[PDB]
Amino acid sequence: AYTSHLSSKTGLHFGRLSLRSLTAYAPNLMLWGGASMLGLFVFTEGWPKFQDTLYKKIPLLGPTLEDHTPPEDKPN
Amino acid sequence: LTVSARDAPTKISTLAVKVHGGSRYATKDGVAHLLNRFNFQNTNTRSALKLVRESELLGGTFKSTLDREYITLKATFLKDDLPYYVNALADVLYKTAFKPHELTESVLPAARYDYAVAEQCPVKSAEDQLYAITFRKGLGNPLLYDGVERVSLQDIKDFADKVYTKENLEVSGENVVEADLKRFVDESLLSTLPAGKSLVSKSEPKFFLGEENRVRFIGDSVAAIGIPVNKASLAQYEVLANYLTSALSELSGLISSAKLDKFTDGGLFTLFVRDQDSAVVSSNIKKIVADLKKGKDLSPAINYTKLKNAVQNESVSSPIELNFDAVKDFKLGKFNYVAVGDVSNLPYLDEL
């Protein structure tokens, strides 16, 4: 058949940002979320508040953070 | 309003609209060149950007070309988008916007680029003067616009009102159904154009013989000669051009180019010699002129020129019908002469 016109629509967007570009970038923006949690654990390892609720419950790397000094060896 | 088409089982189609609005009908110097570079700008219903983006998604392109006789609007597209491109060309000839800022930002800078490119070639310069001294005010009008004569926006609008008329244009198509094209040409804005008059004049134009001109130029030296041709001697000069640039002639090594430009009322024969050293240009042009004065036998080149003419006419749709069966001899008479380059070391007309 003969075509005499083009049929089209307009995609949802706001400025330089579009819905299609957001959908393509969405799976990779979650990996960057997980790469920032991993980098946060590295820098808060010495914080004892985070040790007692998160890091000491790791199966193999957990117990190696516990201190085993007897009370008779501590002045405070 | 002539409509014709040829059919074929292919994928691509071509549509052309030829208007008798070339440089030979220009009221002011270069006004036809300026109308060529406004052909696919904004219209009163669709923008230039919208047309480019829409046709790209449909598979088509647009172009406009200018010569001394025609202005041609062409569209190449896929075979099934025919009605879309009929109306796109109809809107161009009907309702072009002609905005003051389109001329300043798009049209004038495009025309400056065309003029600067052609000015750097000495062969284009020598051909322009040959047209100027042979025909003075008809075919001798300048092709491109250079700003020597002032052309305003109203001048371009006036020129379009005169050449874009229903009796002055033809519509042709390749790999297009003719019955369908005629339907779409009607019920279109082409059928509502003013019915003016054909600008074509049947009488033979006035020509001049024995003229000369010289232009100083930095680059390659060029020597050229030109001969006006009537309607009944077009075939004789068609064989001569092919013979002079073929292996059958000993002068083909000294000749850079040679052609016959054909019109509906006559033609012009051109021959060019181009070299960097002006001593070779002076020597080659003297040998060519002396040899042509004695006379040449063109019968051996008739069969060769029949095939070459078939090659060119495949693309064209309305070629000049020629015979070639009665071409026997040739002897040079009177001619015009132009020298471009280092003119102080190039010969004059009286020395040839």
Side-chain angles (χ1 to χ4, degrees), chain B residues 121-135 140 207-217 219-230 232-262 266-305 308 322 324 326-352:
Chain B
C121 193
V123 171
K124 304 287 270 205
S125 304
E127 186 192 336
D128 284 357
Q129 330 258 345
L130 274 176
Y131 268 95
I133 65 187
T134 306
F135 329 87
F207 57 87
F208 303 83
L209 281 164
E211 312 286 320
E212 203 194 344
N213 199 221
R214 299 166 91 77
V215 202
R216 313 180 60 87
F217 178 79
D220 279 356
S221 316
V222 162
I225 69 171
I227 293 138
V229 184
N230 46 322
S233 64
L234 278 170
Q236 177 183 10
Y237 286 82
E238 188 47 73
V239 178
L240 171 79
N242 297 124
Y243 165 87
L244 279 175
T245 59
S246 92
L248 292 162
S249 178
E250 104 279 6
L251 300 166
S252 57
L254 317 175
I255 296 167
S256 153
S257 178
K259 49 170 182 157
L260 171 86
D261 315 348
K262 299 179 262 311
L268 183 84
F269 177 80
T270 52
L271 187 141
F272 303 93
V273 165
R274 167 181 186 156
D275 187 278
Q276 64 180 20
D277 186 18
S278 80
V280 196
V281 183
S282 70
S283 198
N284 291 5
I285 196 61
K286 282 170 175 157
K287 183 178 179 180
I288 292 161
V289 160
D291 221 44
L292 277 171
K293 283 174 154 334
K294 285 167 200 149
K296 296 303 211 196
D297 195 22
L298 312 168
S299 64
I302 293 190
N303 278 324
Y304 181 66
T305 207
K308 283 298 177 198
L322 297 192
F324 302 124
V327 194
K328 181 54 179 168
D329 211 42
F330 172 77
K331 181 173 266 210
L332 183 64
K334 292 190 94 290
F335 57 95
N336 302 308
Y337 173 69
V338 178
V340 183
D342 181 20
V343 294
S344 98
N345 308 318
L346 298 183
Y348 295 86
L349 183 49
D350 72 328
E351 301 164 4
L352 293 167

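Naming: A, B, ... by sequence-line order, numbering from 1 per chain.
- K259(B) pairs by the salt bridge (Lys or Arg N to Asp or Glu O under 4.0 Å) definition with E127(B), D261(B), not counting sequence neighbours.
- The two residues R274(B) and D220(B) have their closest heavy-atom pair at NE-OD2, 3.2 Å.
- Residues forming a side-chain contact (heavy atoms from CB on, under 4.5 Å) with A301(B) (at least two apart in sequence, or on another chain): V239(B), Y243(B), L248(B).
- Contact between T245(B) and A258(B) at its shortest, heavy atoms only, is CG2-CB, 3.8 Å.
- Note that CD1 of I288(B) is 5.5 Å distant from CG of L271(B), once rounded to the nearest 0.5 Å.
- For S125(B) (side chain) and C121(B) (main-chain N/O), a donor-acceptor pair under 3.5 Å exists by modelled atom type.
- In this structure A223(B) satisfies the side-chain contact (heavy atoms from CB on, under 4.5 Å) test together with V281(B), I285(B), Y337(B), sequence neighbours excluded.
- Residues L332(B) and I227(B) have side chains in contact (heavy-atom distance under 4.5 Å, counting atoms from C-beta outward).
- No more than 12 heavy atoms of other residues, nucleotides or ligands lie within 6.0 Å of NZ in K124(B), so this atom counts as exposed by the packing criterion.
- Judged by distance alone, the side chain of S282(B) and the main-chain N or O of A279(B) form a donor-acceptor pair under 3.5 Å.
- You'll find the side chain of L251(B) reaches within 4.5 Å of the side chain of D291(B), heavy atoms only.
- Heavy-atom minimum distance, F135(B) versus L268(B): CE1-CD1, 4.1 Å.
- In this structure, the separation between NZ on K296(B) and NZ on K331(B) is 12.0 Å, given to the nearest 0.5 Å.
- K334(B) meets the salt bridge (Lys or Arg N to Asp or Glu O under 4.0 Å) test with no other residue; sequence neighbours excluded.
- Taking every heavy atom of both residues into account, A241(B) and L260(B) meet most closely at CB-N, 4.5 Å.
- Taken from CZ in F272(B) to CG in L130(B), the straight-line distance is 6.0 Å, to the nearest 0.5 Å.
- Nearest heavy atoms, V338(B) versus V340(B): CG1-CG2, 3.9 Å.
- When all heavy atoms of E212(B) and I133(B) are compared, the closest pair comes out as N-CD1, 4.3 Å.
- Between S299(B) atom OG and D329(B) atom CG the span is 8.5 Å, to the nearest 0.5 Å.
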Could you list the donor-acceptor pairs under 3.5 angstrom formed by side chains in residues 342-350 of chain B, with sequence neighbours left out?
from: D342(B); atom 1: OD2; to: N345(B); atom 2: ND2; distance (Å): 2.4

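- Applying the ring pair (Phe, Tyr, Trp, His ring centres under 6.0 Å) rule to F330(B) yields the partners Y237(B); only residues at least two apart in sequence or on another chain are considered.
- Atoms CD and CG, from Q236(B) and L322(B) in turn, are 12.0 Å apart once rounded to the nearest 0.5 Å.
- In this structure, the side chains of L352(B) and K286(B) come closer than 4.5 Å at one or more pairs of heavy atoms.
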Side chain to side chain contact (heavy atoms under 4.5 Å, CB included) between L292(B) and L240(B), worked out: CA-CA 11 Å; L292(B) 277 171; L240(B) 171 79; 4.3 Å; yes
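- Between the side chain of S252(B) and the backbone N or O of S246(B), at least one donor-acceptor pair lies under 3.5 Å.
- Between the CD1 atom in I302(B) and the CZ atom in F324(B) there is a gap of 9.0 Å [rounded to 0.5 Å].
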